[PDB]
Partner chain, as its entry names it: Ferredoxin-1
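Quick heads-up: it's one chain on its own, the form deposited without its partner chain, in C-alpha cells.
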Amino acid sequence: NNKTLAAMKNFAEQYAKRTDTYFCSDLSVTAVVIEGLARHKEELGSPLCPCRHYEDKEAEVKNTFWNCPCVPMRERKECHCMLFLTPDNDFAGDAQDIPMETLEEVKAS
C-alpha cells in the first residue's frame, strides 16, 4: 500500500522533529527502514522494528516492545535501525524530511 508508506514516512519525519533527532546522512538507510516499517504494518498491523529477527512476530506485536518507536528509542533514544539519530551521532545528517522518490526507489527493489 502506497498510502501506508506515505503514512510511515510522515510518522518518521514528525517523530524525528518531536524528539530532536535526525535521519542518517545516507538517506538510503533511512529509506530502507521506513519501507520495512511500512511492510510490517501492512502484514502484522503494527510497525514492528524491521531490523530484527523474531521467533514469533505476532507475539512481538502483541507485547509491543519492538513496535516503532520501540521502548529503547522512547526511553533511551536508542535506535538500532539508524532511523532516528541524535545530533552527536557520527552518522546523523541535517535532514528530518526525506523525498518520497527516495522511498519509492527502494520499493522497486
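Residue numbers count along the first chain shown, from 1.
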Given the B-factors recorded for C-alpha atoms, which segment has the greater mean, 14-22 or 87-95?
87-95
Averaged over C-alpha atoms, is the B-factor higher for 72-80 or for 45-53 in this PDB entry?
45-53
In terms of its chain's C-alpha B-factors, the third that includes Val61 is the middle
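The protein also exists as the form solved in complex with its partner chain; that form is not presented, and the subsequent description refers to it.
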Within 54-75, which residues have a heavy atom closer than or equal to 4.5 Å from its partner chain in the deposited bound form?
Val61, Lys62, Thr64, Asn67, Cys68, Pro69, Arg74
